[PDB]
Amino acid sequence: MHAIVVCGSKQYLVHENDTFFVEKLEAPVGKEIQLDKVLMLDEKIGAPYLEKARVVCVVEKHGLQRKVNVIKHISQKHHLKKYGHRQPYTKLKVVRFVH
Amino acid sequence: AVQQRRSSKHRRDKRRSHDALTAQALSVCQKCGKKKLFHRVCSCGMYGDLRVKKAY
Amino acid sequence: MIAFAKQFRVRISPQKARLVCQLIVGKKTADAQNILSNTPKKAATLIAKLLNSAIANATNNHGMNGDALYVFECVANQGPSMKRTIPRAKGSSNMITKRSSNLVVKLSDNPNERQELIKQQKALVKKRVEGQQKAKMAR
Amino acid sequence: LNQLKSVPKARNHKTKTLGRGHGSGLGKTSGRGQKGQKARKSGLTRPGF
Amino acid sequence: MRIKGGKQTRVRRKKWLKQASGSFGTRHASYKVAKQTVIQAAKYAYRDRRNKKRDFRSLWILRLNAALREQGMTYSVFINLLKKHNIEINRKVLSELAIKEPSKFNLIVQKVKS
Amino acid sequence: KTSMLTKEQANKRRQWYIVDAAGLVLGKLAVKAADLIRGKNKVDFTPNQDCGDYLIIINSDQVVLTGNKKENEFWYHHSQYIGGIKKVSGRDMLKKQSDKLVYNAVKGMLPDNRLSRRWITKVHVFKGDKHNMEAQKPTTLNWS
Amino acid sequence: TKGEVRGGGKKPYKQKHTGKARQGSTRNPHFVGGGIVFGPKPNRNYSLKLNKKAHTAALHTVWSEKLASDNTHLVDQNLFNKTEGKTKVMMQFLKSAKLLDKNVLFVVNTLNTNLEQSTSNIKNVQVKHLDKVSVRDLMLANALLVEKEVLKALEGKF
RNA sequence: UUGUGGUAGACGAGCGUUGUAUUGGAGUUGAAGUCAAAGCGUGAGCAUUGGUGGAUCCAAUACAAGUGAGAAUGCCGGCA
RNA sequence: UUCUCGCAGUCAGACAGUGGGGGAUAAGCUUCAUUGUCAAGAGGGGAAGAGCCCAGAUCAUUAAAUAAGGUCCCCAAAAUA
RNA sequence: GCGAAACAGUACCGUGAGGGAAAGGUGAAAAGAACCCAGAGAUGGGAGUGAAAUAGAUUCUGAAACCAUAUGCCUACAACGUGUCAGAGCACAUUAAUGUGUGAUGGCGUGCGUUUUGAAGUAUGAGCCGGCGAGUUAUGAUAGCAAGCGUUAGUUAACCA
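Protein chains in written order, with the deposited numbering: chain q, 1 to 99; chain y, 2 to 57; chain r, 1 to 139; chain k, 3 to 51; chain p, 1 to 114; chain i, 3 to 146; chain c, 54 to 211.
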């Protein structure tokens, strides 16, 4: 349907009961997390947010993003460096809703 | 003049695609067991009922 | 598949050889023989002996239909090659690379011998993942 | 210290690369620039003159 | 005492020449050109890591303003309407996603009215 | 990480649209056409597919132009030739051509990608309205 | 080495009008045929000076450290001459003494006739004298059969 | 908390390979090589599995490198 | 930031704001004095532009609002009188 | 590793002085491919052997560049370091994977290092691939670190075990 979730640093207007991948907050895998903060839910838009309404998320696995090999190479110099960014991803879905 | 770089394998293949030999014709030869090219010699070495040449 | 014909280090231009035996690729014996018989070159008289050998093997020692199969693929590759030089102007010599090649033709009864290759690669993939999972259940 | 767990005591130090790779940092640059006598063969003529 | 490291070097060189893939002709089978194209692709990806960010942000705003105009109002006036009263967290990407949602962006438009 | 941005893959929507440019300023008409083609008003378009729709014009040669602008921005078109220039003027296209005029006025006003090549074949300009194309159920409007 | 030049010390190539390498010598460090400039120099000392008292302290340290092992049981001349020159007895001893899988060393100052003739038919033990053994067979053996006769002489090393 | 723009220049952290010595085993009941793959590490890397393969190999522990390869119109095992 | 110690490397700089000379107060010419950029350092505007403006950036993250600068359209983007 | 695992200072060049090439690997055991076939021959195939025949002589292993062949995909209006991100379409399920093979097309896109006052450079050089190639070491010393051993230290030279 719809619901707004601000995960970590980014914001996402998504639908109800969808699994999405964000930057890892180390949310527990299988145990539920409540967030009273929510906007654009139950077809109603409250003034700042929605009150007495929650986004209710749960993670099914905290996997690691594929090998992000970032390489900085400088043209006509001897600067050739590499680093492996491995970002855990919160693969989380929102299950139930109050309004 | 003289070259500047080398051409790739696929460019060469495209070049040699039209560098092929021409085609031919097909024709049933009356005095032979097989067909032949139109107005040429057959597998039996005769254009048709008239024999044109020897074999050896 | 079986009764494939191979010849080693025959002196012939790759262009003329590939043309004259690609006129035969994908065709049977007689239908391609009667179309190669009119080729004004000096390559059919050398190539046809390998095909004759293969088909005679098929007739006597294998005993298949013979006409069911067709020339699946001819390849004249970059094997041993020739280089002959002749004295010429300015005290130097001109060297011409008299190309030679290891000719080989494979006969197939079906579009396979290339399908079976991808099938073999995929079977290799499948047995590889079977082994990798056996490692992954033995954690 | 049997030679299956033996460790040194600051007898070997950090190893820089002047002929090992273009990415280590200060590699092919020879460690003394890339111009003048100080960065070439038979370099560093009499420095008191 | 020779230290013959050949297997490691040979594997490194073979994977270097085999790394280049998806390219035409004599481009995926030579170490130097493969390395140059890998450098080009790495620069492409590094530049993209922010170029696509900026392009998608501009796209957010572009379709946002498209839905605003088909609603009869513009983004300057849109941010005026949220900021003055009835402020929402409907960001640019969120506003763009709301349009493809059935009449949900129009709900935001009618809510942010003072 | 991902907000799942929406773009209809394998979908190239095309709806019949028609305009009668008689009160539109020539440049206003051109900018509206560029807006329609690129999608500054489209809300569910997709860039990697065909972004254009069915586009039809009525009276493509007699668009109104305010002030002294009919003959103030002349149209050159040179090529790989040397001195092969035939500069055409505003008074000319009034009776010479209008399809190329509007196509240039939108293409220089739009991206010059290969998409315009298949966009122009979906554009049907006419100096009148008697054409059979109006049978294709186009919605009459202005300021596209 | 590049100092070795097969023939004249001349240039195989040139610099101007020669589209080959700069090589002005038949051999170069980069040329695979030879001419290494930085090669395996035999001038290396392969020796590091250590203090006499430092080395005696090190020997004391290793003797004390491997006295604590399990198969270092105290030895003496009496059982050097108790065993016979025939290898039978000492394999029947070591196999029952569990000195096979170990590298057990005999701490010896006798050059016993029984020890010298044997101990080449055993893949497990070896014989070394006080002034003929270092930290190598003292420590890498991990269990060396120390002698009761070498006690006072070993003490004097400090 | 500084950070993290870097040439030069110095400094930090380490890694594959050959062999020395320690320390383990695998071994036609299948090793190297060789190839392939929808694995894992800040990094040199750890590899895993499977196919040919039919005798050796793989982990360090520190050591010493004829130890690491794109440039120099380098050189070499082969060919455009 | 004082000082000791190891190593340097550099004296091809270029441009711009500020004092300018020399030249023709022209020069992608010289030159110092101060600052800023490239160099020795990304990116945004300038259509692209080493040096102009902002700007000093671990990286990533389809979050945001401002500087230079753009909002009739390519080109994200506005109107009022 | 000696130029030379050798029928090597040989062949060979040069009048002569003078130089100057590298090498491989059958299988336990020739069982070196019975039998047969195609052309006049080559060679190849069945054909068995052999543990295994890329071990069938390219005979331990049998690569890469290069040359061609092609399963699925694209394909006859399109301005090029052919890529990255998004991703269709078509066909599918694996080092069990925010799935795989290509990529219709969009968004973003002047090669690598030296000169650099700035080089994408239209300066430079590399056809290509597989190995190698350039601050190493002895001595002595400076610093830094670690260490030794006694406050007349530490320490051994030639020679000797």
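Quick reminder that beta carbons are idealized off the backbone N, C-alpha and C, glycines included.
Self-check item: 4-residue-minimum alpha helix (DSSP H) runs that sit fully inside the stretch 38–86 of chain i, ordered along the chain
Solution: Segments of the alpha helix (DSSP H) lying fully in the stretch 38–86 of chain i: there are none.
Quiz item: residue 4 of chain i versus chain q: which residues are under 9 angstroms apart at the beta carbon?
Solution: Correct list: 12, 20, 21, 22.
Practice problem: Identify, in the order they occur along the chain, each residue of the same chain with its Cβ nearer than 6 angstroms to the Cβ of residue 138 of chain r, setting aside the five sequence neighbours on each side. | Solution: Closer than 6 angstroms at the Cβ level, and outside the excluded window around residue 138 of chain r, lies no residue.
Quiz item: Is there contact here, the stretch 93–106 of chain p with the stretch 112–122 of chain i, by at least three beta-carbon pairs under 8 angstroms?
Solution: no
Quiz item: Hey, residue 56 of chain c and residue 64 of chain c: beta-carbon distance below 8 angstroms or not?
Solution: Judged by beta-carbon spacing, residue 64 of chain c lies beyond the 8 angstroms limit of residue 56 of chain c, meaning their Cβ atoms are not closer than that value.
Quiz prompt | Proximal residues of chain r, C-beta to C-beta of residue 25 of chain y below 9 angstroms | solution = 35, 38, 39
Exercise. Note down, in chain order, every chain i residue with its Cβ under 9 angstroms from the Cβ of residue 89 of chain q.
Key: Under the 9 angstroms cutoff, chain i gives 3.
Quiz item: Does the beta-carbon distance from residue 68 of chain p to residue 56 of chain p come in below 8 angstroms?
Solution: no
Self-check item: Partner residues on chain i for residue 56 of chain p, Cβ-Cβ distance less than 7 angstroms
Solution: 7
Exercise. Would you decide whether residue 116 of chain c is buried or exposed? Buried here means 16 or more other CB atoms lie within 10 Å of its CB.
Key: Residue 116 of chain c should be labelled buried.
Practice problem: Starting from residue 20 of chain y, find everything on chain r with Cβ-Cβ shorter than 8 angstroms and list it in chain order. | Solution: 15
Exercise. Evaluate the contact criterion for the stretch 80–94 of chain q versus the stretch 54–66 of chain q: three or more CB pairs, one atom per stretch, below 8 angstroms.
Key: Contact annotation: the stretch 80–94 of chain q touches the stretch 54–66 of chain q, with at least three C-beta pairs closer than 8 angstroms.
Quiz prompt | 6 angstroms Cβ shell around residue 144 of chain c - same chain, five flanking residues per side excluded | solution = none
Quiz item: Apart from the five residues just before and just after residue 93 of chain r, which ones in its own chain have a Cβ nearer than 7 angstroms to its Cβ?
Solution: 85, 86, 87
Quiz item: So residue 73 of chain r and residue 25 of chain r are in contact, right, with Cβ under 8 angstroms, and what is the actual spacing, rounded?
Solution: 6 angstroms
Practice problem: Please decide whether residue 42 of chain i counts as near chain p, where near means a Cβ-Cβ distance under 8 angstroms. | Solution: yes
Self-check item: Closer than 8 angstroms to chain r by CB, residue 41 of chain y
Solution: yes
Practice problem: Could you please give the first and the last residue of the uninterrupted alpha helix (DSSP H) stretch that includes residue 137 of chain r? | Solution: 115–137
Exercise. Please list the partners that residue 45 of chain k has in chain q, where partner means a Cβ-to-Cβ separation under 8 angstroms.
Key: Simply none; closest approach about 20 angstroms.
Self-check item: The beta strand (DSSP E) enclosing residue 22 of chain i, as first and last residue numbers
Solution: 18–22
Quiz prompt | Helix, strand or coil at residue 167 of chain c [DSSP, three-state] | solution = Residue 167 of chain c sits in a helix when the DSSP states are folded into three classes.
Self-check item: Assigned exposure category for residue 45 of chain k - 16 Cβ within 10 Å defines buried
Solution: exposed
Practice problem: Return no unless some Cβ of chain p is closer than 8 angstroms to the Cβ of residue 55 of chain i. | Solution: no
Quiz item: Can you list, in chain order, the residues of its chain whose CB lies under 8 angstroms from that of residue 113 of chain i, leaving out five sequence neighbours each side?
Solution: 40
Self-check item: Nearest neighbour of residue 155 of chain c, chosen from c:59, c:199, c:178 [CA to CA]
Solution: c:178
Exercise. Using the DSSP secondary-structure output, state which residues sit across from residue 21 of chain q in a beta bridge.
Key: Residue 21 of chain q pairs with q:91.
Exercise. Express the C-alpha separation of residue 32 of chain r and residue 56 of chain y in angstroms, rounding to a whole number.
Key: 22 angstroms
Practice problem: Check the DSSP bridge columns for residue 5 of chain r and list the partner residues they point to. | Solution: r:105
Practice problem: Please report the Cβ distance between residue 2 of chain i and residue 28 of chain i, rounded to the nearest whole angstrom; I am assuming they are in contact, meaning their Cβ atoms lie under 8 angstroms. | Solution: No information on residue 2 of chain i is available, as it lies outside the stretch 3 to 146 that chain i covers here.
Quiz item: By how many angstroms is the C-alpha of residue 33 of chain i removed from the C-alpha of residue 21 of chain i?
Solution: 14 angstroms
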